[PDB]
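A.B. asks: Compute the structure for the input listed below.
(chains A, B, C, D, E, F, G, H, I and J)
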8 protein chains.
Amino acid sequence: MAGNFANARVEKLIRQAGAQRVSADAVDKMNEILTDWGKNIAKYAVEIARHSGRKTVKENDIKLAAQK
Amino acid sequence: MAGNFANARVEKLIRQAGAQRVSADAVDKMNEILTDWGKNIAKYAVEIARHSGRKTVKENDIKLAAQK
Amino acid sequence: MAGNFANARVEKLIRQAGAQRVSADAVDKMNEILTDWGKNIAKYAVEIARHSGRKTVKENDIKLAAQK
Amino acid sequence: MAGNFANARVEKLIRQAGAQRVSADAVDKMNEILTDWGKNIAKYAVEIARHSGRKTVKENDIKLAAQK
Amino acid sequence: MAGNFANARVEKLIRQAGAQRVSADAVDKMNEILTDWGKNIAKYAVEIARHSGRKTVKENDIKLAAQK
Amino acid sequence: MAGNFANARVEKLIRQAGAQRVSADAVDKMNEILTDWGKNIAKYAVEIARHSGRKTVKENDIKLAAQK
Amino acid sequence: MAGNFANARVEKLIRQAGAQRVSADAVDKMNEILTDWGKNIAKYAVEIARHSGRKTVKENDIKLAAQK
Amino acid sequence: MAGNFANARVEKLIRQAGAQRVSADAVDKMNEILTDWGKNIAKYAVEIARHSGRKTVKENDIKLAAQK
DNA sequence: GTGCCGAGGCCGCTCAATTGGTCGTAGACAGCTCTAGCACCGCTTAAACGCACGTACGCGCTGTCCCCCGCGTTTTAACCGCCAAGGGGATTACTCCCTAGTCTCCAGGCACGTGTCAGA
DNA sequence: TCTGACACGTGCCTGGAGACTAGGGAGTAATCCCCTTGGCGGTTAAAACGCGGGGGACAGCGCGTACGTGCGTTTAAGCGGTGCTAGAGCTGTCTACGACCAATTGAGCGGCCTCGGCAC
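C.D. replies: Residues are numbered from 1 along each chain as shown, chains lettered A, B, ... in the order given. Provided below are the atomic coordinates:
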């Protein structure tokens, strides 16, 4: 399990999109893709915060970490 | 809440990225951004499955949806 | 030229709509608008074919591409 | 034909979009869709000419019609 | 009021048409329907003036907006 | 006055649609056309009330008359 | 050329670096390579200043842009 | 000087990147860093020239040295 | 590869917005307890999905050839454009009309009950 | 020709039916000035016309995909159930934010005298 999110909560996202059936391989690939894109946003947010001088990552740092 | 993921699980990802302190507003904003990108991948993946003539969303459908 | 369709054939479509007179700049802008919308339908229809596994773009692939 | 444009010129647009093969039934449906959308832009364009009191349809009339 | 017109005036029109008695909900529904159709005529009339190259909406613009 | 509604209220509706200036003849033509279309809806609502047996024109009778 | 520094100075660096002889095309190619790396450093340094909330890029901005 | 390149030209590069202000000290550090990176490329280019047999460093030697 | 020339990299205060600080101060959270979950396992089950095979249908490629159509170029009809002189809409203050509000007395709707239609 | 949809018959309901406001705002008269025609005019153009010829629509051959479908394999959806986690949130204390205001680097003009092209 390389993905951080709860498998069932990722599955619920794909069923809410409209899927009639969702396979375990699609839940695990989705969890892995959302964990990877998350870790890219998080690392850039930590860097933005440090450049600013705050020890705390805030909403602006995440919004500014997205749109990279 | 605006995002589907568990706040503690999104926060855990931001700390793992390197952040020493994380504002709840950063966790909620991060969760909202991952949910939106997830719902776009899932809606495109459901559409790939429907076009394939297959009812079950599979691994290749998440890969193809995330690639473009 | 800016678009694929024949200028005289795009002009014929504007005169059949009712125009008493048509300026060549209006024929070119119409040809450009119909090519641009055409390439958006054809690209999405080639995706619908590739997703189906089929190689030839069939009538249903154009119908499904146009309803979006 | 119900479609107005030259079939081979509509086919060329689908092969340039990327199709490895194009069915004669997909050429006909594409020609019909581009003719219908063309006639709606052209009926709206001949209209903007009569409102303006100008007898000749010009670039601005097609540009303003395409915003519908 | 959901519609723009005077409720007492909307009711006076329904009674004048022949209705022996009138529901207050019938008055509000009539006012809403007349306001929607009114906004459609006015939006298209403002466009007729704009395309005509005039700032003032004139009588003919309401006539042309009503015929379509 | 040519129509049953308040002239200032008709004018206000045209300004709310976006008109930069509104001619007094546009107000009178708008009041006349909204009076006539309203009287047609009311005539069918009175017919539907007679067919319903309830003499008090009801909110449903207006909806059915507009849907004539 | 590709870099901001004078071609004569870029060539002088290559000869001082150890070049027994230096072609004019080698000087231009070196200047272009240094300019590309410099543009990457400059873009990251400007971002560093914006995140820190300082209008003036300082020695620290260059250090932070160089290590990451 | 801390770098072989013209300080004014290094500062001009930072300003061209969009800097609101470029500190003279940041200019010296930038010139030093561009000098070092350029010297590394030049050293590899001289090694590639020795291996090629041609004593005069050519454009290809610079490309291979930057790709070291 | 070689010698001069014509800028321009680097000096010089300058003036002040920028770059530093220290202290006060506020709304934050980390750190912990501990309840009530979503849950990720566990079977079953039987519903797709993938894979093979045989068939036929409709795309390719190759002609093919004359139906369109894209240029010129001539003639001249709309359409910008522009410059008075007109009409008529924004403006406002005002006065008296109407109308949502609402008091509140008054007879037309809406369930349940239940009997009637109707025969080639 | 049968079926169960269709009609009165009371009894209970709340809904526009009326009054009279009473002041909000819908017409009204002036006048100022800015759009709107509107006319001559000049240029920008579209429309007719005839020419060649590029290339779009057929024809038949042939062969490779697409379909359909028989069946066997591999599952995802049931949901029953043990539990490991998310969260709520009470608390202590600190990391933002903020403003006071000290030092001074970088804007700013501009010119001294050092060095990358130009010419070929």
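A.B. asks: could you list every residue that touches residue A:4?
C.D. replies: A:31, A:35, A:38, B:9, B:12, B:13, B:16 (Cβ atoms under 8 Å, 6 or more residues apart in numbering or on different chains). Backbone N, C-alpha and C define where each C-beta goes, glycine included.
A.B. asks: State the three-state secondary structure for the nearest residue to residue A:54 once chain neighbours are set aside.
C.D. replies: Nearest non-adjacent residue to residue A:54, counting by Cβ to Cβ, 6 or more residues apart in numbering or on different chains: residue A:61, 7.8 Å away. Going by DSSP: H, G, I helix; E, B strand; the rest coil, the secondary structure assigned to residue A:61 is helix.
A.B. asks: picking that back up, among the contacts of residue A:4, which one lies nearest to residue C:46?
C.D. replies: Lowest distance from residue C:46 to these (Cβ to Cβ) belongs to residue A:31, with 30.3 Å.
A.B. asks: Just confirm that closest one contacts residue A:8, I think it does.
C.D. replies: No: judged on Cβ atoms under 8 Å, residue A:31 makes no contact with residue A:8 at a distance of 10.4 Å.
A.B. asks: does residue A:5 count as helix, strand or coil?
C.D. replies: coil.
A.B. asks: Look at it and say how many residues are nearby.
C.D. replies: Other residues near residue A:5 come to 25 when the count uses other Cβ atoms under 10 Å in any protein chain shown.
A.B. asks: Can you name the residues that contact it?
C.D. replies: By Cβ under 8 Å, 6+ apart, the neighbours of residue A:5 are A:31, A:34, A:35, B:5, B:6, B:9.
A.B. asks: Does at least one residue of stretch A:26-38 sit close to DNA strand J?
C.D. replies: No: using Cβ under 7 Å from any atom of the strand, we find that stretch A:26-38 stays clear of DNA strand J, coming within 8.4 Å at best.
A.B. asks: Residues in contact with that stretch: which ones?
C.D. replies: By Cβ under 8 Å, 6+ apart, stretch A:26-38 touches A:1-5, A:7, A:10-11, A:13-14, B:10, B:13, B:30, B:34, B:37-38, B:41-42, B:45, B:57-59, B:61-63, B:66.
A.B. asks: Check those residues for burial and list the buried ones.
C.D. replies: Buried members of these, counted by 16 or more other Cβ atoms under 10 Å in any protein chain shown: A:3-5, A:10-11, A:13-14, B:10, B:13, B:30, B:34, B:37-38, B:41-42, B:45, B:57-59, B:61-63, B:66.
A.B. asks: from the middle of its chain, how far away would the helix ranked longest in chain A be?
C.D. replies: Assignment by DSSP state H gives helix A:24-52 as the longest helix of chain A. Relative to the centre of its chain, helix A:24-52 is centred 4 Å away, using Cα atoms, centre = their mean, to the nearest Å.
A.B. asks: That helix vs helix B:24-52, what angle?
C.D. replies: 150 degrees (axes from the mean of the first three to the mean of the last three Cα atoms, to 10 degrees).
A.B. asks: which parts of helix A:24-52 are buried?
C.D. replies: A:25-35, A:37-38, A:41-52.
A.B. asks: Residue of chain A closest to chain E, please.
C.D. replies: residue A:18 (32.3 Å; Cβ to the nearest Cβ).
A.B. asks: Kindly tell me how buried that residue is, as a neighbour count.
C.D. replies: 14.
A.B. asks: any idea how far the spatially most central residue of chain A is from chain C?
C.D. replies: Closest residue to the average C-alpha location of chain A: residue A:38 at 3.2 Å, with Cα atoms, centre = their mean. For residue A:38, the distance to chain C equals 27 Å [Cβ to the nearest Cβ, to the nearest Å].
A.B. asks: Same question for residue A:21.
C.D. replies: Distance, residue A:21 to chain C, by Cβ to the nearest Cβ: 17 Å.
A.B. asks: Contacts only, for that residue.
C.D. replies: Counted by Cβ under 8 Å, 6+ apart, residue A:21 has contacts B:55, B:56, B:57.
A.B. asks: beta partners for it?
C.D. replies: residue B:56 (DSSP bridges).
A.B. asks: Closest residue of chain A to chain H?
C.D. replies: For chain A, Cβ to the nearest Cβ, closest residue to chain H: residue A:51, 14.8 Å.
A.B. asks: I'd say that residue and residue G:46 touch.
C.D. replies: No: here residue A:51 does not reach residue G:46: they are 11.2 Å apart, not a contact under Cβ under 8 Å.
A.B. asks: before we move on, back to that, distance-wise, check the residue of chain A closest to chain E relative to chain B.
C.D. replies: 5 Å.
A.B. asks: Leaving out chain neighbours, which residue sits closest to that residue?
C.D. replies: Closest to residue A:18 by Cβ to Cβ, 6+ apart is residue B:46, at 4.5 Å.
A.B. asks: Same question for residue A:31.
C.D. replies: residue A:3 (3.0 Å).
A.B. asks: now do residue A:41
C.D. replies: Nearest non-adjacent residue to residue A:41 (Cβ to Cβ, 6+ apart): residue A:65, at 4.9 Å.
A.B. asks: wait, what's in contact with that neighbour?
C.D. replies: So, once contact is read as Cβ under 8 Å, 6+ apart, residue A:65 ends up touching A:41, A:42, A:44, A:45, A:48.
A.B. asks: for those residues, which one is nearest chain C?
C.D. replies: Using Cβ to the nearest Cβ, residue A:41 comes nearest to chain C of these, at 27.5 Å.
A.B. asks: quick one, what contacts the closest one?
C.D. replies: A:62, A:65, A:66, A:68, B:30, B:33.
A.B. asks: let's see 7 Å
C.D. replies: For residue A:41, the contact set (Cβ atoms under 7 Å, 6 or more residues apart in numbering or on different chains) comprises A:62, A:65, A:66, B:30, B:33.
A.B. asks: Get me the contact residues on chain A for DNA strand I.
C.D. replies: So chain A meets DNA strand I at A:6, A:7, A:8, A:9, A:12, A:21, A:56 (Cβ under 7 Å from any atom of the strand).
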